[PDB]
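What follows is the content of work-v4.cif (mmCIF, C-alpha atoms).
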```cif
data_start
loop_
_atom_site.label_atom_id
_atom_site.label_comp_id
_atom_site.auth_asym_id
_atom_site.auth_seq_id
_atom_site.Cartn_x
_atom_site.Cartn_y
_atom_site.Cartn_z
CA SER B 1 22.83 101.30 -122.07
CA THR B 2 21.42 97.79 -122.01
CA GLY B 3 22.29 94.44 -120.49
CA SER B 4 21.37 90.87 -121.43
CA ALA B 5 22.09 87.75 -119.37
CA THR B 6 21.14 84.09 -119.67
CA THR B 7 19.23 82.58 -116.76
CA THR B 8 19.47 78.82 -116.13
CA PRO B 9 17.31 76.40 -114.15
CA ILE B 10 19.10 75.11 -111.05
CA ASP B 11 17.66 71.60 -111.45
CA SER B 12 15.48 69.42 -113.66
CA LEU B 13 12.21 70.78 -112.20
CA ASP B 14 12.91 74.49 -112.72
CA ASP B 15 12.77 75.02 -108.94
CA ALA B 16 14.58 78.33 -109.46
CA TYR B 17 16.82 80.06 -112.00
CA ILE B 18 20.36 81.41 -111.60
CA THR B 19 21.92 84.28 -113.49
CA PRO B 20 25.65 85.12 -113.44
CA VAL B 21 26.51 88.48 -111.89
CA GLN B 22 29.90 90.22 -111.78
CA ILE B 23 30.70 91.90 -108.42
CA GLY B 24 33.77 93.85 -107.50
CA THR B 25 37.15 94.62 -109.04
CA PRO B 26 38.53 92.30 -110.34
CA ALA B 27 35.19 90.72 -111.09
CA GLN B 28 33.90 88.03 -108.77
CA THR B 29 31.19 86.09 -110.59
CA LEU B 30 28.32 84.78 -108.47
CA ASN B 31 25.19 82.97 -109.63
CA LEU B 32 22.23 84.86 -108.23
CA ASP B 33 18.52 84.18 -108.05
CA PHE B 34 16.81 87.14 -109.75
CA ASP B 35 13.72 87.80 -107.66
CA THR B 36 11.00 90.25 -108.75
CA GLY B 37 9.33 89.55 -105.39
CA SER B 38 12.03 91.07 -103.14
CA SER B 39 14.38 94.00 -103.20
CA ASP B 40 17.67 93.00 -101.58
CA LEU B 41 20.86 92.04 -103.43
CA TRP B 42 22.57 89.73 -100.96
CA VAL B 43 25.38 87.19 -101.32
CA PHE B 44 27.20 84.37 -99.64
CA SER B 45 30.48 85.89 -98.56
CA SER B 46 33.77 85.61 -96.70
CA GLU B 47 31.74 86.84 -93.72
CA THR B 48 29.18 84.02 -93.76
CA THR B 49 29.31 81.69 -90.76
CA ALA B 50 31.58 78.88 -91.98
CA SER B 51 29.23 76.02 -90.99
CA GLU B 52 26.46 77.62 -93.07
CA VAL B 53 28.44 77.60 -96.34
CA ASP B 54 28.42 74.37 -98.44
CA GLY B 55 29.48 74.62 -102.06
CA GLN B 56 28.36 78.18 -102.75
CA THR B 57 30.62 80.71 -104.39
CA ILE B 58 31.39 83.55 -101.99
CA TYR B 59 32.00 87.27 -102.42
CA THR B 60 35.13 88.46 -100.62
CA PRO B 61 34.93 92.27 -100.34
CA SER B 62 38.51 92.57 -99.07
CA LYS B 63 39.69 91.31 -102.49
CA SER B 64 37.74 93.98 -104.36
CA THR B 65 39.41 97.33 -104.86
CA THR B 66 36.08 99.10 -105.45
CA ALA B 67 34.32 97.67 -102.34
CA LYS B 68 33.45 100.17 -99.59
CA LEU B 69 31.87 99.33 -96.25
CA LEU B 70 28.48 100.98 -95.87
CA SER B 71 29.22 102.01 -92.33
CA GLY B 72 26.63 101.09 -89.75
CA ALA B 73 24.30 99.36 -92.21
CA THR B 74 22.68 96.01 -91.53
CA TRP B 75 20.05 93.95 -93.26
CA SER B 76 17.74 91.13 -92.36
CA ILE B 77 15.18 89.42 -94.56
CA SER B 78 12.65 86.57 -94.24
CA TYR B 79 11.06 84.91 -97.27
CA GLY B 80 7.62 83.28 -97.76
CA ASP B 81 9.08 79.78 -97.46
CA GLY B 82 10.39 80.56 -93.99
CA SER B 83 14.00 80.99 -95.02
CA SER B 84 16.08 84.00 -94.03
CA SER B 85 19.46 85.70 -94.04
CA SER B 86 21.14 88.78 -92.56
CA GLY B 87 24.43 90.65 -92.36
CA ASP B 88 26.19 93.91 -93.20
CA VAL B 89 26.60 95.94 -96.40
CA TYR B 90 29.22 97.06 -98.91
CA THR B 91 28.89 99.20 -101.97
CA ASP B 92 30.63 97.84 -105.06
CA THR B 93 30.49 97.65 -108.80
CA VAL B 94 27.89 95.17 -110.09
CA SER B 95 27.48 94.09 -113.71
CA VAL B 96 24.75 92.00 -115.28
CA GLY B 97 25.17 90.91 -118.84
CA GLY B 98 27.27 93.92 -119.83
CA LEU B 99 25.28 96.51 -117.81
CA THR B 100 27.31 98.08 -114.99
CA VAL B 101 26.13 99.87 -111.84
CA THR B 102 28.70 101.56 -109.62
CA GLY B 103 27.92 102.02 -105.93
CA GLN B 104 25.44 99.14 -105.74
CA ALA B 105 24.51 98.00 -102.25
CA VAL B 106 25.85 94.45 -101.97
CA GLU B 107 24.48 92.89 -98.80
CA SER B 108 26.95 90.47 -97.28
CA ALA B 109 25.50 87.48 -95.43
CA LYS B 110 26.81 86.80 -91.94
CA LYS B 111 23.95 84.33 -91.39
CA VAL B 112 21.79 82.26 -93.76
CA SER B 113 19.10 79.72 -92.85
CA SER B 114 19.36 76.02 -93.61
CA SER B 115 17.53 76.00 -96.91
CA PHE B 116 20.09 78.42 -98.37
CA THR B 117 23.06 76.39 -97.05
CA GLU B 118 21.52 73.24 -98.46
CA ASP B 119 21.25 74.66 -101.98
CA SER B 120 24.75 74.73 -103.42
CA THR B 121 23.63 76.26 -106.76
CA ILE B 122 22.39 79.64 -105.44
CA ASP B 123 25.08 82.12 -104.31
CA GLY B 124 22.58 84.83 -103.37
CA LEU B 125 19.57 86.86 -104.50
CA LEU B 126 19.24 89.95 -106.70
CA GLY B 127 15.98 91.68 -105.89
CA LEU B 128 13.92 93.38 -108.62
CA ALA B 129 10.78 94.42 -106.73
CA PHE B 130 10.40 98.04 -105.64
CA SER B 131 13.09 99.56 -103.49
CA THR B 132 10.58 100.34 -100.76
CA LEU B 133 10.89 96.66 -99.67
CA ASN B 134 14.65 96.87 -99.26
CA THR B 135 15.62 95.82 -95.73
CA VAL B 136 18.89 97.76 -95.24
CA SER B 137 18.88 99.88 -92.06
CA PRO B 138 19.22 102.76 -91.21
CA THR B 139 19.40 103.88 -94.86
CA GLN B 140 17.24 101.83 -97.26
CA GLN B 141 19.10 100.97 -100.45
CA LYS B 142 18.08 100.82 -104.13
CA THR B 143 17.80 97.73 -106.29
CA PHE B 144 20.11 97.07 -109.20
CA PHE B 145 17.31 98.09 -111.61
CA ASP B 146 16.52 101.26 -109.70
CA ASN B 147 20.16 102.33 -109.83
CA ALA B 148 20.49 101.43 -113.53
CA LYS B 149 17.15 102.88 -114.62
CA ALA B 150 18.12 106.40 -115.70
CA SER B 151 21.07 105.10 -117.79
CA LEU B 152 18.99 102.47 -119.58
CA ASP B 153 17.80 103.13 -123.15
CA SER B 154 14.30 102.43 -121.84
CA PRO B 155 13.40 102.10 -118.11
CA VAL B 156 12.41 98.41 -118.36
CA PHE B 157 13.60 94.88 -117.85
CA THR B 158 12.19 91.69 -119.23
CA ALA B 159 11.95 88.10 -118.01
CA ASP B 160 11.94 85.26 -120.49
CA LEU B 161 12.12 82.11 -118.36
CA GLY B 162 12.54 78.77 -120.07
CA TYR B 163 10.69 75.51 -119.51
CA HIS B 164 13.36 72.96 -118.60
CA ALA B 165 15.75 75.24 -120.49
CA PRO B 166 17.72 78.45 -120.23
CA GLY B 167 16.11 81.82 -120.69
CA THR B 168 16.97 85.49 -120.65
CA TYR B 169 16.82 88.62 -118.53
CA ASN B 170 17.18 91.83 -120.52
CA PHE B 171 17.65 95.34 -119.19
CA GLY B 172 16.83 98.51 -121.05
CA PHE B 173 15.18 97.13 -124.19
CA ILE B 174 12.45 94.86 -125.49
CA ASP B 175 13.63 92.04 -127.79
CA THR B 176 10.87 91.94 -130.36
CA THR B 177 12.14 88.56 -131.65
CA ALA B 178 11.52 86.87 -128.28
CA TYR B 179 7.71 86.71 -128.37
CA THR B 180 4.79 86.08 -130.70
CA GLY B 181 1.83 88.40 -131.23
CA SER B 182 1.59 91.57 -129.18
CA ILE B 183 2.48 92.55 -125.64
CA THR B 184 -0.58 93.32 -123.52
CA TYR B 185 0.13 95.83 -120.77
CA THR B 186 -1.76 95.90 -117.49
CA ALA B 187 -1.85 98.24 -114.47
CA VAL B 188 0.47 97.78 -111.52
CA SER B 189 0.00 98.75 -107.90
CA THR B 190 3.19 99.52 -106.03
CA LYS B 191 1.44 99.96 -102.65
CA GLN B 192 2.86 96.72 -101.21
CA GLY B 193 6.21 97.09 -102.99
CA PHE B 194 5.50 94.30 -105.47
CA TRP B 195 4.82 94.07 -109.18
CA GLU B 196 1.17 93.68 -108.27
CA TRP B 197 -1.53 93.43 -110.95
CA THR B 198 -5.01 92.03 -111.59
CA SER B 199 -5.59 89.09 -113.89
CA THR B 200 -8.93 89.10 -115.69
CA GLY B 201 -9.75 85.41 -115.13
CA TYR B 202 -8.87 81.84 -116.01
CA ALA B 203 -9.74 78.71 -117.92
CA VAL B 204 -8.92 75.05 -117.26
CA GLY B 205 -7.83 73.09 -120.29
CA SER B 206 -10.34 73.50 -123.13
CA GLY B 207 -12.93 74.86 -120.68
CA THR B 208 -14.73 78.17 -121.00
CA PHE B 209 -13.04 81.24 -119.66
CA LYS B 210 -14.20 82.49 -116.26
CA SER B 211 -14.08 86.27 -116.02
CA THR B 212 -13.03 87.15 -112.49
CA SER B 213 -10.50 89.57 -110.99
CA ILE B 214 -7.44 87.90 -109.47
CA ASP B 215 -5.05 90.27 -107.73
CA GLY B 216 -1.52 88.90 -107.51
CA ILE B 217 2.21 89.47 -107.90
CA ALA B 218 4.62 88.68 -110.72
CA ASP B 219 7.30 86.89 -108.72
CA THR B 220 10.28 85.26 -110.45
CA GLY B 221 11.56 84.14 -107.02
CA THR B 222 8.60 81.86 -106.34
CA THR B 223 8.54 78.47 -108.06
CA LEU B 224 4.83 77.76 -108.33
CA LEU B 225 1.50 79.38 -109.18
CA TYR B 226 -0.52 80.24 -106.07
CA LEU B 227 -4.15 81.15 -106.67
CA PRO B 228 -7.40 81.26 -104.65
CA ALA B 229 -8.64 77.94 -103.33
CA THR B 230 -11.73 78.05 -105.59
CA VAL B 231 -9.59 78.34 -108.72
CA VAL B 232 -7.12 75.69 -107.65
CA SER B 233 -9.96 73.27 -106.81
CA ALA B 234 -11.53 73.81 -110.21
CA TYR B 235 -8.18 72.99 -111.81
CA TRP B 236 -7.37 69.79 -109.95
CA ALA B 237 -10.96 68.51 -110.25
CA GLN B 238 -10.03 67.93 -113.91
CA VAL B 239 -7.13 65.64 -113.03
CA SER B 240 -8.04 62.00 -112.39
CA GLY B 241 -6.82 60.92 -108.95
CA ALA B 242 -5.72 64.35 -107.80
CA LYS B 243 -6.19 65.28 -104.16
CA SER B 244 -5.05 67.85 -101.61
CA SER B 245 -2.69 66.20 -99.16
CA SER B 246 -2.23 67.77 -95.75
CA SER B 247 0.80 65.59 -95.05
CA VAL B 248 2.52 66.68 -98.26
CA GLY B 249 1.26 70.28 -98.07
CA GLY B 250 -0.72 70.67 -101.26
CA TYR B 251 -2.27 69.04 -104.28
CA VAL B 252 -0.68 65.85 -105.58
CA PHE B 253 -1.66 63.67 -108.53
CA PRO B 254 -0.80 60.32 -110.03
CA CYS B 255 2.20 60.61 -112.20
CA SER B 256 0.20 58.61 -114.83
CA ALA B 257 -2.41 61.38 -115.23
CA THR B 258 -2.50 63.90 -118.07
CA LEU B 259 -2.49 67.51 -116.89
CA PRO B 260 -4.74 70.10 -118.55
CA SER B 261 -3.36 73.46 -119.47
CA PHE B 262 -4.22 76.52 -117.37
CA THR B 263 -5.03 79.85 -119.01
CA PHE B 264 -4.84 83.20 -117.22
CA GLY B 265 -6.16 86.51 -118.46
CA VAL B 266 -4.17 89.66 -119.07
CA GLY B 267 -6.77 92.22 -120.01
CA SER B 268 -8.47 90.76 -123.06
CA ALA B 269 -5.39 88.63 -123.84
CA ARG B 270 -4.74 85.07 -122.70
CA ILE B 271 -1.55 83.30 -121.54
CA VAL B 272 -1.66 79.51 -121.77
CA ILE B 273 0.39 77.44 -119.32
CA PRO B 274 0.88 73.99 -120.91
CA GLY B 275 -0.08 71.05 -118.69
CA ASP B 276 3.50 69.74 -118.51
CA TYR B 277 4.61 72.99 -116.79
CA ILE B 278 2.39 72.07 -113.82
CA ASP B 279 4.22 68.75 -113.12
CA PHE B 280 6.86 68.96 -110.37
CA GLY B 281 7.60 65.28 -110.16
CA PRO B 282 7.50 62.67 -107.44
CA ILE B 283 6.97 63.91 -103.90
CA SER B 284 9.86 61.64 -102.86
CA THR B 285 12.26 59.53 -104.96
CA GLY B 286 10.46 56.53 -106.39
CA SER B 287 6.98 57.72 -105.43
CA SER B 288 4.13 57.41 -107.88
CA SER B 289 2.59 60.57 -106.33
CA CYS B 290 3.56 63.79 -108.12
CA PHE B 291 3.48 67.35 -106.77
CA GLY B 292 1.27 69.95 -108.46
CA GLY B 293 2.55 73.27 -109.76
CA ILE B 294 -0.71 75.09 -109.05
CA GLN B 295 -1.44 75.44 -105.35
CA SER B 296 -3.72 77.40 -103.03
CA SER B 297 -2.68 80.86 -101.87
CA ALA B 298 -5.02 80.62 -98.87
CA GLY B 299 -3.09 81.76 -95.85
CA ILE B 300 -0.25 83.31 -97.87
CA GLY B 301 -2.43 86.37 -97.99
CA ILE B 302 -1.55 87.14 -101.60
CA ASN B 303 -1.82 85.39 -104.98
CA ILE B 304 1.54 84.67 -106.62
CA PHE B 305 2.20 84.37 -110.33
CA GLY B 306 5.48 82.50 -109.88
CA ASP B 307 7.72 80.74 -112.39
CA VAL B 308 5.04 78.24 -113.48
CA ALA B 309 3.03 81.13 -114.87
CA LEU B 310 5.77 83.56 -115.89
CA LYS B 311 7.74 80.99 -117.89
CA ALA B 312 4.74 80.60 -120.20
CA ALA B 313 5.19 84.25 -121.18
CA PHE B 314 7.51 87.01 -122.21
CA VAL B 315 7.16 89.47 -119.35
CA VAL B 316 7.93 93.17 -119.39
CA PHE B 317 8.57 94.91 -116.09
CA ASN B 318 8.05 98.51 -117.12
CA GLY B 319 9.62 100.93 -114.66
CA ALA B 320 8.30 104.16 -116.21
CA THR B 321 7.03 106.90 -113.84
CA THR B 322 3.81 104.90 -113.64
CA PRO B 323 4.93 101.28 -113.68
CA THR B 324 3.10 98.63 -115.70
CA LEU B 325 3.44 94.94 -116.58
CA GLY B 326 3.34 93.50 -120.10
CA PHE B 327 2.68 89.89 -121.08
CA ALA B 328 3.14 88.22 -124.42
CA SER B 329 2.85 84.65 -125.58
CA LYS B 330 6.05 83.10 -126.97
#
```

Could I get this structure in the form of structure tokens?
Amino acid sequence: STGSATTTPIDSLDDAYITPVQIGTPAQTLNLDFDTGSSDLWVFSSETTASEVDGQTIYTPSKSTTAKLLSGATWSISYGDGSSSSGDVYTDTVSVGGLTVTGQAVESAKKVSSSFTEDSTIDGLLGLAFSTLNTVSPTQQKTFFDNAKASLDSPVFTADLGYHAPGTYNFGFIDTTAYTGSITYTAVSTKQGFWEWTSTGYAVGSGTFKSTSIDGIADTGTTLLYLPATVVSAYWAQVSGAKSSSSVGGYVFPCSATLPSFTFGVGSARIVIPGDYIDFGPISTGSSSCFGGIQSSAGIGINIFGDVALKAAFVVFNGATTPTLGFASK
């Protein structure tokens, strides 16, 4: 089997991407944030505190004939941006783009934090990191990909995120028409539960390539590119008027400046992030100060190849016995 679904930016800045997901019988379609940095499939639901729901589409398990309470199970997750949610668990039928998993753990939110309430476009998350990060207790549950894996034609999924445009998530096959050149594969460590790999270096605009190991995660659920402070400083030093603003919480730059590209290494291959991808617009409406899409990872404790980086590539998440990551230009 295979599946293929279109993923769509939630807003004009590509702050996140939503993908339609069918849950239950009859199908209830929710727009979920596919997140290769976490491993819980959770949804806004009929059980969510009423004051914490504002415009989201909810899953109602009582209306699904295939829904079963996972008795005694609870879940509770916190994300890197301080947001969080928690609740109980049902198993139900979940389909993505024609690919169906029966008995998928669907984590029903009883509580969500403010940032989730305040975003009407995201109905929940569908985690695609390793199942060892799943927060369900007492019995940890498997991700959608983990459950699907053995039925897939090939044990892989791919992320093809668009710049200010829709893209595609595919399961079970590699669309050879979706990228240029070759796919370069690179080693993955699963020790922290992430798609964790080591970039071979970077270049800023037309600058020479700096060979240096950068350990980080391929994280579709993170908007920006978070790299070591040395690297980020070298980037913004090439932008006239750019500065790190404590009040804003990162590098900003005059909206009138031209942004250089940023290149990252994948083995001997190179992925080029165009300068425009690094522009996240005015810090507040009407401001001439624009927020940067490359920021310091200092104090996160890990480097994050988020959407800014991944959308410049066709990315293979290879779930073979020994997982690997592949990157192609497109």

Take the PyMOL selection byres ((chain B and resi 19) around 6), apply it to the structure above, and return the hits as a PyMOL selection string. chain B and resi 7+18+20+31-32

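Considering the residues B:116, B:144, B:305, B:79 and counting only C-alpha atoms, residue B:104 has its shortest atom-to-atom contact with B:144.
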
Can you work out the spacing between atom CA of residue B:69 and atom CA of residue B:89 in Å, to one decimal? 6.3 Å

Spatial sel., origin (13.5, 96.3, -113.4), limit 8 Å, all atoms listed in the file, listed as a list in words: residues 128, 129, 144, 145, 146, 149, 155, 156, 157, 158, 171, 317, 318 and 319 of chain B

Can you translate the PyMOL selection byres ((chain B and resi 292) around 7) into the concrete residues it hits in this file, as a tab-separated table (two decimals) with C-alpha atoms, in the frame of the given file?
```
chain	number	residue	atom	x	y	z
B	251	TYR	CA	-2.27	69.04	-104.28
B	252	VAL	CA	-0.68	65.85	-105.58
B	253	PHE	CA	-1.66	63.67	-108.53
B	278	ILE	CA	2.39	72.07	-113.82
B	279	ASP	CA	4.22	68.75	-113.12
B	280	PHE	CA	6.86	68.96	-110.37
B	290	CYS	CA	3.56	63.79	-108.12
B	291	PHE	CA	3.48	67.35	-106.77
B	293	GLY	CA	2.55	73.27	-109.76
B	294	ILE	CA	-0.71	75.09	-109.05
B	295	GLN	CA	-1.44	75.44	-105.35
```

For residue B:328, find every residue with an atom within 6 Å (counting all atoms listed in the file), except residues of its own chain fewer than 2 positions away, and show them as a ChimeraX atom specification. /B:183,313-314

Is it possible to get the residues within 7 Å of (-5.5, 78.6, -104.6) (coordinates as in the file, counting only C-alpha atoms) written as a VMD selection string? chain B and resid 226 to 232 295 to 298

Would you output that residue set with C-alpha atoms, as a PDB file, keeping the file's coordinate frame?
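Result saved to part_29.pdb:
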```pdb
ATOM      1  CA  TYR B 226      -0.520  80.240-106.070  1.00  0.00           C
ATOM      2  CA  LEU B 227      -4.150  81.150-106.670  1.00  0.00           C
ATOM      3  CA  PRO B 228      -7.400  81.260-104.650  1.00  0.00           C
ATOM      4  CA  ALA B 229      -8.640  77.940-103.330  1.00  0.00           C
ATOM      5  CA  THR B 230     -11.730  78.050-105.590  1.00  0.00           C
ATOM      6  CA  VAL B 231      -9.590  78.340-108.720  1.00  0.00           C
ATOM      7  CA  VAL B 232      -7.120  75.690-107.650  1.00  0.00           C
ATOM      8  CA  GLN B 295      -1.440  75.440-105.350  1.00  0.00           C
ATOM      9  CA  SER B 296      -3.720  77.400-103.030  1.00  0.00           C
ATOM     10  CA  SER B 297      -2.680  80.860-101.870  1.00  0.00           C
ATOM     11  CA  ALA B 298      -5.020  80.620 -98.870  1.00  0.00           C
TER      12      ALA B 298
END
```

Quick check, in Å to one decimal: how far apart do atom CA of residue B:130 and atom CA of residue B:60 lie? 27.0 Å

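In this structure, atom CA of residue B:80 sits 16.1 Å away from atom CA of residue B:124.
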
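Using all atoms listed in the file, the shortest contact distance between residue B:236 and any of B:121, B:261, B:211, B:91 is found at B:261.
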
Of the candidates B:259, B:315, B:50, B:30, which shows the shortest atom-to-atom distance to residue B:195, using only C-alpha atoms? B:315

Nearest residue to residue B:207 out of B:161, B:234, B:96, B:225, using only C-alpha atoms? B:234

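Proximity ranking of B:105, B:312, B:325, B:273 relative to residue B:260 places B:273 first, based on only C-alpha atoms.
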
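Shortest separation to residue B:118 among B:192, B:62, B:170, B:56 occurs at residue B:56, atoms counted being all atoms listed in the file.
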
Name all residues at most 10 Å from residue B:289 (count only C-alpha atoms; drop same-chain ones fewer than 4 positions away) and give them as an mmCIF file with C-alpha atoms, in the coordinates of the input.
```cif
data_model
loop_
_atom_site.group_PDB
_atom_site.id
_atom_site.type_symbol
_atom_site.label_atom_id
_atom_site.label_comp_id
_atom_site.auth_asym_id
_atom_site.auth_seq_id
_atom_site.Cartn_x
_atom_site.Cartn_y
_atom_site.Cartn_z
ATOM 1 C CA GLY B 241 -6.820 60.920 -108.950
ATOM 2 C CA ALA B 242 -5.720 64.350 -107.800
ATOM 3 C CA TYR B 251 -2.270 69.040 -104.280
ATOM 4 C CA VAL B 252 -0.680 65.850 -105.580
ATOM 5 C CA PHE B 253 -1.660 63.670 -108.530
ATOM 6 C CA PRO B 254 -0.800 60.320 -110.030
ATOM 7 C CA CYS B 255 2.200 60.610 -112.200
ATOM 8 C CA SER B 256 0.200 58.610 -114.830
ATOM 9 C CA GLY B 281 7.600 65.280 -110.160
ATOM 10 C CA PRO B 282 7.500 62.670 -107.440
ATOM 11 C CA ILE B 283 6.970 63.910 -103.900
ATOM 12 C CA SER B 284 9.860 61.640 -102.860
ATOM 13 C CA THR B 285 12.260 59.530 -104.960
#
```

Limit the output to N, CA and C atoms and give stretch 249-271 of chain B as a PDB file, in the first residue's frame.
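For reference, result.pdb as written:
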```pdb
ATOM      1  N   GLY B 249      13.334  38.529  20.747  1.00  0.00           N
ATOM      2  CA  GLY B 249      13.657  37.127  20.942  1.00  0.00           C
ATOM      3  C   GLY B 249      14.302  36.477  19.736  1.00  0.00           C
ATOM      4  N   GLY B 250      15.164  37.228  19.059  1.00  0.00           N
ATOM      5  CA  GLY B 250      15.987  36.689  17.999  1.00  0.00           C
ATOM      6  C   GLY B 250      16.451  37.747  17.025  1.00  0.00           C
ATOM      7  N   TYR B 251      17.052  37.285  15.934  1.00  0.00           N
ATOM      8  CA  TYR B 251      17.541  38.175  14.902  1.00  0.00           C
ATOM      9  C   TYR B 251      16.389  38.787  14.105  1.00  0.00           C
ATOM     10  N   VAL B 252      16.495  40.096  13.891  1.00  0.00           N
ATOM     11  CA  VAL B 252      15.573  40.845  13.050  1.00  0.00           C
ATOM     12  C   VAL B 252      16.416  41.593  12.027  1.00  0.00           C
ATOM     13  N   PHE B 253      15.768  42.081  10.982  1.00  0.00           N
ATOM     14  CA  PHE B 253      16.467  42.772   9.907  1.00  0.00           C
ATOM     15  C   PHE B 253      15.520  43.720   9.193  1.00  0.00           C
ATOM     16  N   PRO B 254      16.078  44.801   8.630  1.00  0.00           N
ATOM     17  CA  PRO B 254      15.222  45.705   7.882  1.00  0.00           C
ATOM     18  C   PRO B 254      14.637  45.024   6.681  1.00  0.00           C
ATOM     19  N   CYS B 255      13.334  45.179   6.604  1.00  0.00           N
ATOM     20  CA  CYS B 255      12.542  44.618   5.560  1.00  0.00           C
ATOM     21  C   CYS B 255      13.081  45.040   4.162  1.00  0.00           C
ATOM     22  N   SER B 256      13.829  46.140   4.093  1.00  0.00           N
ATOM     23  CA  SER B 256      14.436  46.592   2.833  1.00  0.00           C
ATOM     24  C   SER B 256      15.726  45.859   2.414  1.00  0.00           C
ATOM     25  N   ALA B 257      16.256  45.013   3.296  1.00  0.00           N
ATOM     26  CA  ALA B 257      17.497  44.302   3.020  1.00  0.00           C
ATOM     27  C   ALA B 257      17.257  43.084   2.132  1.00  0.00           C
ATOM     28  N   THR B 258      18.292  42.704   1.395  1.00  0.00           N
ATOM     29  CA  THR B 258      18.273  41.497   0.585  1.00  0.00           C
ATOM     30  C   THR B 258      18.930  40.361   1.366  1.00  0.00           C
ATOM     31  N   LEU B 259      18.221  39.244   1.504  1.00  0.00           N
ATOM     32  CA  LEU B 259      18.748  38.117   2.259  1.00  0.00           C
ATOM     33  C   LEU B 259      19.572  37.175   1.376  1.00  0.00           C
ATOM     34  N   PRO B 260      20.774  36.816   1.845  1.00  0.00           N
ATOM     35  CA  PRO B 260      21.544  35.784   1.151  1.00  0.00           C
ATOM     36  C   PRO B 260      20.942  34.423   1.357  1.00  0.00           C
ATOM     37  N   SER B 261      21.212  33.532   0.421  1.00  0.00           N
ATOM     38  CA  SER B 261      20.845  32.140   0.616  1.00  0.00           C
ATOM     39  C   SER B 261      21.651  31.540   1.779  1.00  0.00           C
ATOM     40  N   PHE B 262      21.233  30.361   2.211  1.00  0.00           N
ATOM     41  CA  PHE B 262      21.977  29.571   3.185  1.00  0.00           C
ATOM     42  C   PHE B 262      22.059  28.145   2.670  1.00  0.00           C
ATOM     43  N   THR B 263      23.273  27.611   2.577  1.00  0.00           N
ATOM     44  CA  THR B 263      23.487  26.259   2.101  1.00  0.00           C
ATOM     45  C   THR B 263      23.838  25.346   3.273  1.00  0.00           C
ATOM     46  N   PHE B 264      23.206  24.176   3.355  1.00  0.00           N
ATOM     47  CA  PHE B 264      23.673  23.182   4.320  1.00  0.00           C
ATOM     48  C   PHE B 264      24.112  21.892   3.631  1.00  0.00           C
ATOM     49  N   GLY B 265      25.094  21.242   4.236  1.00  0.00           N
ATOM     50  CA  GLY B 265      25.644  20.028   3.666  1.00  0.00           C
ATOM     51  C   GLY B 265      24.927  18.768   4.081  1.00  0.00           C
ATOM     52  N   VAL B 266      24.745  17.875   3.109  1.00  0.00           N
ATOM     53  CA  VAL B 266      24.269  16.526   3.359  1.00  0.00           C
ATOM     54  C   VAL B 266      25.309  15.622   2.721  1.00  0.00           C
ATOM     55  N   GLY B 267      26.185  15.039   3.544  1.00  0.00           N
ATOM     56  CA  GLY B 267      27.333  14.365   2.994  1.00  0.00           C
ATOM     57  C   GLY B 267      28.036  15.339   2.065  1.00  0.00           C
ATOM     58  N   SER B 268      28.351  14.881   0.856  1.00  0.00           N
ATOM     59  CA  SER B 268      29.062  15.708  -0.095  1.00  0.00           C
ATOM     60  C   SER B 268      28.087  16.576  -0.908  1.00  0.00           C
ATOM     61  N   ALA B 269      26.793  16.413  -0.663  1.00  0.00           N
ATOM     62  CA  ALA B 269      25.769  17.146  -1.400  1.00  0.00           C
ATOM     63  C   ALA B 269      25.451  18.444  -0.674  1.00  0.00           C
ATOM     64  N   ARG B 270      24.700  19.321  -1.337  1.00  0.00           N
ATOM     65  CA  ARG B 270      24.431  20.650  -0.826  1.00  0.00           C
ATOM     66  C   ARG B 270      22.963  20.980  -1.082  1.00  0.00           C
ATOM     67  N   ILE B 271      22.265  21.451  -0.045  1.00  0.00           N
ATOM     68  CA  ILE B 271      20.895  21.952  -0.175  1.00  0.00           C
ATOM     69  C   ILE B 271      20.921  23.464   0.009  1.00  0.00           C
TER      70      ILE B 271
END
```
